[PDB]
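**Student:** Input structure: structure_23.cif, which contains mmCIF, C-alpha atoms and all ligand atoms.
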data_start
#
loop_
_atom_site.label_atom_id
_atom_site.label_comp_id
_atom_site.auth_asym_id
_atom_site.auth_seq_id
_atom_site.Cartn_x
_atom_site.Cartn_y
_atom_site.Cartn_z
CA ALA N 3 79.06 135.62 110.86
CA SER N 4 80.13 132.07 110.05
CA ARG N 5 81.71 128.97 111.55
CA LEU N 6 84.30 126.79 109.81
CA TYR N 7 83.82 123.04 109.41
CA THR N 8 85.19 120.13 107.40
CA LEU N 9 83.53 117.09 105.86
CA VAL N 10 85.55 114.14 104.56
CA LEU N 11 84.18 111.48 102.22
CA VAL N 12 86.20 108.28 101.95
CA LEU N 13 85.30 107.19 98.43
CA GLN N 14 86.61 104.09 96.66
CA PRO N 15 85.49 102.84 93.21
CA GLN N 16 82.61 100.61 94.37
CA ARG N 17 82.02 101.86 97.92
CA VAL N 18 81.98 104.74 100.39
CA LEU N 19 82.85 104.69 104.08
CA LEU N 20 80.27 106.56 106.12
CA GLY N 21 79.80 106.69 109.83
CA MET N 22 76.89 106.47 112.17
CA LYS N 23 76.57 109.12 114.84
CA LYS N 24 76.30 107.02 117.98
CA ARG N 25 74.85 109.66 120.33
CA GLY N 26 74.36 113.37 120.78
CA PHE N 27 73.50 115.65 117.89
CA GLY N 28 72.49 113.90 114.69
CA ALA N 29 72.46 110.47 116.34
CA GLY N 30 71.07 107.75 114.10
CA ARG N 31 72.24 109.39 110.86
CA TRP N 32 75.08 108.31 108.57
CA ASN N 33 77.45 111.04 107.37
CA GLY N 34 80.89 111.82 106.11
CA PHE N 35 83.53 112.43 108.74
CA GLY N 36 83.94 115.99 109.91
CA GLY N 37 83.48 118.62 112.55
CA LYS N 38 84.42 122.10 113.65
CA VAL N 39 87.85 123.41 112.70
CA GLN N 40 89.33 124.49 115.99
CA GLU N 41 91.38 127.59 116.64
CA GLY N 42 95.08 126.96 116.18
CA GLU N 43 94.63 124.37 113.40
CA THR N 44 94.38 124.63 109.63
CA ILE N 45 91.31 123.47 107.71
CA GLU N 46 93.14 120.42 106.39
CA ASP N 47 94.59 119.48 109.78
CA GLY N 48 91.05 119.67 111.14
CA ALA N 49 89.80 117.38 108.38
CA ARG N 50 92.57 114.87 109.08
CA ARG N 51 91.96 115.09 112.84
CA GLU N 52 88.21 114.50 112.59
CA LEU N 53 88.77 111.58 110.21
CA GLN N 54 91.39 110.09 112.54
CA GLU N 55 89.28 110.55 115.67
CA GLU N 56 86.03 109.35 114.10
CA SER N 57 87.23 106.52 111.80
CA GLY N 58 90.73 105.79 113.13
CA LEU N 59 92.01 106.35 109.57
CA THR N 60 95.00 108.20 108.13
CA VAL N 61 95.07 109.55 104.56
CA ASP N 62 97.94 110.37 102.22
CA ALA N 63 96.05 113.24 100.58
CA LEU N 64 92.72 115.07 100.63
CA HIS N 65 91.17 116.43 97.43
CA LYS N 66 89.04 119.56 97.66
CA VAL N 67 85.74 118.45 96.14
CA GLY N 68 83.46 121.31 97.07
CA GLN N 69 82.10 123.89 99.46
CA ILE N 70 78.74 123.91 101.24
CA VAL N 71 77.15 126.82 103.09
CA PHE N 72 74.41 126.03 105.62
CA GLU N 73 71.97 128.68 106.83
CA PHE N 74 69.47 128.00 109.62
CA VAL N 75 66.32 130.02 110.28
CA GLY N 76 66.75 131.65 113.69
CA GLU N 77 70.57 131.44 113.53
CA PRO N 78 72.37 134.45 111.98
CA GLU N 79 75.65 132.51 111.67
CA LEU N 80 76.33 130.38 108.59
CA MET N 81 78.25 127.11 108.53
CA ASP N 82 81.15 127.20 106.05
CA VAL N 83 81.75 123.54 105.25
CA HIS N 84 84.89 122.58 103.33
CA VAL N 85 84.24 119.19 101.72
CA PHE N 86 87.07 116.79 100.88
CA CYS N 87 87.32 113.29 99.46
CA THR N 88 90.10 110.70 99.80
CA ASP N 89 90.74 107.63 97.66
CA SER N 90 93.80 106.29 99.53
CA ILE N 91 93.38 105.42 103.22
CA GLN N 92 95.66 103.74 105.77
CA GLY N 93 94.63 101.72 108.83
CA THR N 94 91.57 99.71 109.78
CA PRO N 95 88.33 101.66 110.31
CA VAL N 96 87.30 101.49 113.97
CA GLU N 97 84.57 103.34 115.81
CA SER N 98 84.97 106.04 118.44
CA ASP N 99 82.38 106.91 121.07
CA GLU N 100 80.99 109.42 118.56
CA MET N 101 80.97 107.54 115.24
CA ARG N 102 81.01 104.00 113.82
CA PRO N 103 82.41 103.64 110.28
CA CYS N 104 80.80 101.23 107.82
CA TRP N 105 81.23 100.55 104.11
CA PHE N 106 78.31 101.08 101.73
CA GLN N 107 78.10 100.01 98.11
CA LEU N 108 77.61 103.12 96.01
CA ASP N 109 74.16 102.12 94.75
CA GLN N 110 73.15 101.27 98.35
CA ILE N 111 73.85 104.70 99.93
CA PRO N 112 71.12 105.19 102.79
CA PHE N 113 69.93 108.70 101.96
CA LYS N 114 66.79 108.39 104.10
CA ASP N 115 69.14 107.79 107.06
CA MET N 116 71.44 110.72 106.15
CA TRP N 117 71.12 114.50 106.35
CA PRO N 118 68.71 115.84 103.71
CA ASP N 119 71.26 117.87 101.75
CA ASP N 120 73.23 114.68 100.98
CA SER N 121 70.70 113.59 98.34
CA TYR N 122 71.52 116.78 96.40
CA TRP N 123 75.34 116.96 96.25
CA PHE N 124 76.18 113.23 96.59
CA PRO N 125 75.45 112.55 92.87
CA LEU N 126 78.00 115.21 91.92
CA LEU N 127 80.54 113.76 94.36
CA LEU N 128 80.03 110.29 92.88
CA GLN N 129 80.39 111.67 89.34
CA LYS N 130 83.77 113.09 90.45
CA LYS N 131 82.55 116.65 89.90
CA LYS N 132 83.41 119.63 92.09
CA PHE N 133 80.57 121.76 93.41
CA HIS N 134 79.48 124.79 95.39
CA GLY N 135 76.27 124.51 97.36
CA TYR N 136 74.03 126.36 99.76
CA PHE N 137 71.17 125.00 101.85
CA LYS N 138 68.71 127.01 103.94
CA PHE N 139 67.43 124.75 106.72
CA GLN N 140 64.41 124.82 109.00
CA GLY N 141 65.23 122.45 111.79
CA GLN N 142 67.19 119.28 111.10
CA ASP N 143 64.78 117.58 108.66
CA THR N 144 63.68 120.43 106.36
CA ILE N 145 65.44 122.29 103.55
CA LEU N 146 63.67 125.56 102.68
CA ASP N 147 65.73 126.42 99.57
CA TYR N 148 69.04 125.50 98.00
CA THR N 149 71.52 126.37 95.29
CA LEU N 150 73.88 123.77 93.87
CA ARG N 151 76.26 124.32 90.97
CA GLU N 152 79.04 122.27 89.43
CA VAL N 153 82.33 124.17 89.43
CA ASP N 154 85.54 123.69 87.48
CA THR N 155 87.75 124.47 90.50
CA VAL N 156 86.84 124.84 94.16
CA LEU N 157 87.08 128.50 95.12
CA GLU N 158 89.71 129.26 97.77
CA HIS N 159 88.53 131.21 100.84
CA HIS N 160 92.00 132.28 102.08
CA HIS N 161 91.29 131.74 105.77
CA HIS N 162 94.41 133.18 107.41
CA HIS N 163 93.68 131.89 110.91
CA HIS N 164 93.30 128.35 109.53
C1 LIG O 201 77.64 118.03 106.91
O1 LIG O 201 76.73 117.35 107.74
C2 LIG O 201 75.54 117.95 108.13
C3 LIG O 201 74.51 118.13 107.15
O2 LIG O 201 74.61 117.53 105.90
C4 LIG O 201 73.40 118.95 107.44
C5 LIG O 201 73.31 119.60 108.74
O3 LIG O 201 72.11 120.23 109.00
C6 LIG O 201 71.87 120.83 110.19
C7 LIG O 201 70.58 121.43 110.43
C8 LIG O 201 70.39 122.21 111.57
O4 LIG O 201 69.15 122.79 111.81
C9 LIG O 201 71.46 122.42 112.50
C10 LIG O 201 71.23 123.26 113.72
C11 LIG O 201 70.65 122.57 114.94
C12 LIG O 201 69.36 123.19 115.55
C13 LIG O 201 68.22 122.30 115.98
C14 LIG O 201 69.24 124.67 115.70
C15 LIG O 201 72.72 121.83 112.26
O5 LIG O 201 73.72 121.88 113.22
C16 LIG O 201 72.92 121.04 111.10
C17 LIG O 201 74.16 120.26 110.95
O6 LIG O 201 75.19 120.52 111.86
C18 LIG O 201 74.31 119.44 109.70
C19 LIG O 201 75.47 118.58 109.39
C20 LIG O 201 76.61 118.27 110.37
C21 LIG O 201 77.79 119.27 110.47
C22 LIG O 201 79.16 118.85 109.97
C23 LIG O 201 79.61 117.38 110.04
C24 LIG O 201 80.09 119.89 109.40
ZN ZN O 202 89.05 130.78 113.63
ZN ZN O 203 85.82 128.63 104.09
#
Can you dump the structure from the file as structure tokens?

**Tutor:**
Amino acid sequence: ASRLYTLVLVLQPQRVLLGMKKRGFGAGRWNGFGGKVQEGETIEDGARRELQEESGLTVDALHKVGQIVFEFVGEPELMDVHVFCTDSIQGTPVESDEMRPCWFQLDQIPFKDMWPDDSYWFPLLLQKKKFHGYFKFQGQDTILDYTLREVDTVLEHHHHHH
């Protein structure tokens, strides 16, 4: 019981491009660019699609930086979140109806305005370290427990429908 998602962090040496959810679920919070991997598309096509739709950006390559599992109390189904980062982007960031991209200096990242797990794994992302992580949530604002480990290589899940 799981659902497959992507999260894309556009990360340059001094800055990170985040985006502000403009409405709907998670409105008011800054996040990486991502969403549900649909049926008929691969994980990496889904990551590129969500980045294109949300930021208007194209990337030459995505690096696999980590894997996050979300569990929610009252929901039996886990979120399987494949996390990517990209150094090299093409195009000018422009908002959609869903998301507005903005650049943040790396020491200025607005963790109080982001999802609570971000404070945990973002330091590893910024140190250029790969990670596996798990967060048990109660509601949107509360983490009940977590496990986060640095990994040498991101484990491959072999999803054969994606
Ligand atoms: C990756 O972006 C996040 C994130 O960091 C944490 C998230 O936490 C959530 C917490 C939740 O309770 C729920 C369930 C909603 C109810 C009120 C039952 C969640 O959907 C989430 C999140 O989706 C969430 C996200 C966004 C998901 C992506 C961009 C893969
Ligand atoms: Zn599927
Ligand atoms: Zn997976």

**Student:** Produce as a PDB file with C-alpha atoms, keeping the file's coordinate frame the set of residues near ligand LIG 201 (chain O), where near means within 7 Å with only C-alpha atoms and all ligand atoms considered.

**Tutor:**
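Result file is out_24.pdb:
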ATOM      1  CA  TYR N   7      83.820 123.040 109.410  1.00  0.00           C
ATOM      2  CA  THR N   8      85.190 120.130 107.400  1.00  0.00           C
ATOM      3  CA  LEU N   9      83.530 117.090 105.860  1.00  0.00           C
ATOM      4  CA  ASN N  33      77.450 111.040 107.370  1.00  0.00           C
ATOM      5  CA  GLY N  34      80.890 111.820 106.110  1.00  0.00           C
ATOM      6  CA  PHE N  35      83.530 112.430 108.740  1.00  0.00           C
ATOM      7  CA  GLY N  36      83.940 115.990 109.910  1.00  0.00           C
ATOM      8  CA  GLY N  37      83.480 118.620 112.550  1.00  0.00           C
ATOM      9  CA  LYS N  38      84.420 122.100 113.650  1.00  0.00           C
ATOM     10  CA  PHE N  74      69.470 128.000 109.620  1.00  0.00           C
ATOM     11  CA  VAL N  83      81.750 123.540 105.250  1.00  0.00           C
ATOM     12  CA  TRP N 117      71.120 114.500 106.350  1.00  0.00           C
ATOM     13  CA  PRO N 118      68.710 115.840 103.710  1.00  0.00           C
ATOM     14  CA  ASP N 119      71.260 117.870 101.750  1.00  0.00           C
ATOM     15  CA  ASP N 120      73.230 114.680 100.980  1.00  0.00           C
ATOM     16  CA  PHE N 139      67.430 124.750 106.720  1.00  0.00           C
ATOM     17  CA  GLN N 140      64.410 124.820 109.000  1.00  0.00           C
ATOM     18  CA  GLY N 141      65.230 122.450 111.790  1.00  0.00           C
ATOM     19  CA  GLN N 142      67.190 119.280 111.100  1.00  0.00           C
TER      20      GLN N 142
END

**Student:** Go ahead and compute the interatomic distance for CA of residue 29 (chain N) and CA of residue 101 (chain N), in Å to one decimal.

**Tutor:**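 Atom-to-atom, CA of residue 29 (chain N) and CA of residue 101 (chain N) are spaced 9.1 Å apart.
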
**Student:** Rounded to one decimal place, report the CA of residue 11 (chain N)-CA of residue 77 (chain N) distance in Å.

**Tutor:**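 Straight-line distance from CA of residue 11 (chain N) to CA of residue 77 (chain N) works out to 26.7 Å.
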
**Student:** For the interface of chain N with ligand ZN 202 (chain O) (cut-off 8 Å, counting all atoms listed in the file), please tabulate each contacting residue of chain N alongside its nearest pair of atoms and their separation in Å to one decimal, rows sorted by chain and increasing number, as JSON lines.

**Tutor:**
{"residue": "N:5", "atom": "CA", "partner": "O:ZN202", "partner_atom": "ZN", "distance": 7.8}
{"residue": "N:6", "atom": "CA", "partner": "O:ZN202", "partner_atom": "ZN", "distance": 7.3}
{"residue": "N:39", "atom": "CA", "partner": "O:ZN202", "partner_atom": "ZN", "distance": 7.5}
{"residue": "N:40", "atom": "CA", "partner": "O:ZN202", "partner_atom": "ZN", "distance": 6.7}
{"residue": "N:41", "atom": "CA", "partner": "O:ZN202", "partner_atom": "ZN", "distance": 5.0}
{"residue": "N:42", "atom": "CA", "partner": "O:ZN202", "partner_atom": "ZN", "distance": 7.6}
{"residue": "N:163", "atom": "CA", "partner": "O:ZN202", "partner_atom": "ZN", "distance": 5.5}
{"residue": "N:164", "atom": "CA", "partner": "O:ZN202", "partner_atom": "ZN", "distance": 6.4}

**Student:** Ligand ZN 203 (chain O): which residues are within 8 Å, counting all atoms listed in the file, as a list in words?

**Tutor:**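 Result of the 8 Å neighbour search around ligand ZN 203 (chain O): residues 6, 7, 69, 82, 83, 84, 158, 159, 160 and 161 of chain N.
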
**Student:** If you measure from CA of residue 25 (chain N) to CA of residue 92 (chain N), what distance in Å do you get, rounded to one decimal?

**Tutor:**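 If I compute the distance from CA of residue 25 (chain N) to CA of residue 92 (chain N), I get 26.1 Å.
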
**Student:** Find the axis-aligned box for region 68-84 of chain N, covering all its listed atoms and adding 5 Å on each side, and write its centre and edge lengths in Å to one decimal as JSON.

**Tutor:**
{"center_x": 75.6, "center_y": 127.9, "center_z": 105.4, "size_x": 28.6, "size_y": 23.1, "size_z": 26.6}

**Student:** Taking 6 positions as the minimum chain separation for residues in the same chain, which residues sit within 7 Å of residue 105 (chain N) when counting all atoms listed in the file? Answer as an NGL selection string.

**Tutor:** :N and (17-20)

**Student:** Identify, on the basis of all atoms listed in the file, every residue whose closest approach to residue 91 (chain N) does not exceed 7 Å; exclude the query and any residue fewer than 6 positions from it along the same chain; express the result as a ChimeraX atom specification.

**Tutor:** /N:59-62

**Student:** Show me, as a VMD selection string, the residues that have an atom within 12 Å of residue 124 (chain N) when counting all atoms listed in the file, minus same-chain residues fewer than 3 positions from it.

**Tutor:** chain N and resid 11 13 18 33 to 34 67 to 68 70 85 87 108 to 109 111 to 113 116 to 121 127 to 133 135 150 152

**Student:** I need the chosen residues saved as a PDB file, in the frame of the given file, with C-alpha atoms.

**Tutor:**
ATOM      1  CA  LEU N  11      84.180 111.480 102.220  1.00  0.00           C
ATOM      2  CA  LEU N  13      85.300 107.190  98.430  1.00  0.00           C
ATOM      3  CA  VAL N  18      81.980 104.740 100.390  1.00  0.00           C
ATOM      4  CA  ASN N  33      77.450 111.040 107.370  1.00  0.00           C
ATOM      5  CA  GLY N  34      80.890 111.820 106.110  1.00  0.00           C
ATOM      6  CA  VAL N  67      85.740 118.450  96.140  1.00  0.00           C
ATOM      7  CA  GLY N  68      83.460 121.310  97.070  1.00  0.00           C
ATOM      8  CA  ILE N  70      78.740 123.910 101.240  1.00  0.00           C
ATOM      9  CA  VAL N  85      84.240 119.190 101.720  1.00  0.00           C
ATOM     10  CA  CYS N  87      87.320 113.290  99.460  1.00  0.00           C
ATOM     11  CA  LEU N 108      77.610 103.120  96.010  1.00  0.00           C
ATOM     12  CA  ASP N 109      74.160 102.120  94.750  1.00  0.00           C
ATOM     13  CA  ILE N 111      73.850 104.700  99.930  1.00  0.00           C
ATOM     14  CA  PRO N 112      71.120 105.190 102.790  1.00  0.00           C
ATOM     15  CA  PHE N 113      69.930 108.700 101.960  1.00  0.00           C
ATOM     16  CA  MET N 116      71.440 110.720 106.150  1.00  0.00           C
ATOM     17  CA  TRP N 117      71.120 114.500 106.350  1.00  0.00           C
ATOM     18  CA  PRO N 118      68.710 115.840 103.710  1.00  0.00           C
ATOM     19  CA  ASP N 119      71.260 117.870 101.750  1.00  0.00           C
ATOM     20  CA  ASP N 120      73.230 114.680 100.980  1.00  0.00           C
ATOM     21  CA  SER N 121      70.700 113.590  98.340  1.00  0.00           C
ATOM     22  CA  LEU N 127      80.540 113.760  94.360  1.00  0.00           C
ATOM     23  CA  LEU N 128      80.030 110.290  92.880  1.00  0.00           C
ATOM     24  CA  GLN N 129      80.390 111.670  89.340  1.00  0.00           C
ATOM     25  CA  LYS N 130      83.770 113.090  90.450  1.00  0.00           C
ATOM     26  CA  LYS N 131      82.550 116.650  89.900  1.00  0.00           C
ATOM     27  CA  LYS N 132      83.410 119.630  92.090  1.00  0.00           C
ATOM     28  CA  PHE N 133      80.570 121.760  93.410  1.00  0.00           C
ATOM     29  CA  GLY N 135      76.270 124.510  97.360  1.00  0.00           C
ATOM     30  CA  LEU N 150      73.880 123.770  93.870  1.00  0.00           C
ATOM     31  CA  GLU N 152      79.040 122.270  89.430  1.00  0.00           C
TER      32      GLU N 152
END

**Student:** Which polymer residues, whether protein, DNA or RNA, lie within 6 Å of the coordinate (92.0, 105.9, 96.0) when you count all atoms listed in the file? List them as a ChimeraX atom specification, using the chain letters and numbers from the file.

**Tutor:** /N:14,89-90

**Student:** Within 9 Å of (72.7, 108.2, 119.0) (file coordinates; all atoms listed in the file), which protein or nucleic acid residues are there? I'd like them as a PyMOL selection string.

**Tutor:** chain N and resi 22-31+100

**Student:** I need the residue nearest residue 115 (chain N) from this list: N:46, N:143, N:154, N:55. Use all atoms listed in the file for the distance.

**Tutor:**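 Smallest distance to residue 115 (chain N) is found for N:143.
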
**Student:** Looking at N:58, N:93, N:78, N:21, which one is nearest to residue 106 (chain N), with distances taken over only C-alpha atoms?

**Tutor:**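 The closest residue to residue 106 (chain N) is N:21.
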
**Student:** Give the answer as one residue: which of N:86, N:137, N:32, N:148 has the shortest atom-to-atom distance to residue 72 (chain N), using only C-alpha atoms?

**Tutor:**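 Among the listed residues, the smallest separation from residue 72 (chain N) belongs to N:137.
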
**Student:** Write out as an mmCIF file with C-alpha atoms, keeping the file's coordinate frame each polymer residue whose atoms come within 7 Å of residue 97 (chain N), counting only C-alpha atoms; drop sequence neighbours fewer than 3 positions from it.

**Tutor:**
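out-v5.cif written:
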data_model
loop_
_atom_site.group_PDB
_atom_site.id
_atom_site.type_symbol
_atom_site.label_atom_id
_atom_site.label_comp_id
_atom_site.auth_asym_id
_atom_site.auth_seq_id
_atom_site.Cartn_x
_atom_site.Cartn_y
_atom_site.Cartn_z
ATOM 1 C CA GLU N 56 86.030 109.350 114.100
ATOM 2 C CA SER N 57 87.230 106.520 111.800
ATOM 3 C CA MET N 101 80.970 107.540 115.240
ATOM 4 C CA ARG N 102 81.010 104.000 113.820
ATOM 5 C CA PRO N 103 82.410 103.640 110.280
#

**Student:** Identify which of the residues N:138, N:144, N:149, N:162 lies closest to residue 80 (chain N), counting all atoms listed in the file when measuring atom-to-atom distances.

**Tutor:**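 Looking only at the distances to residue 80 (chain N), the closest residue turns out to be N:138.
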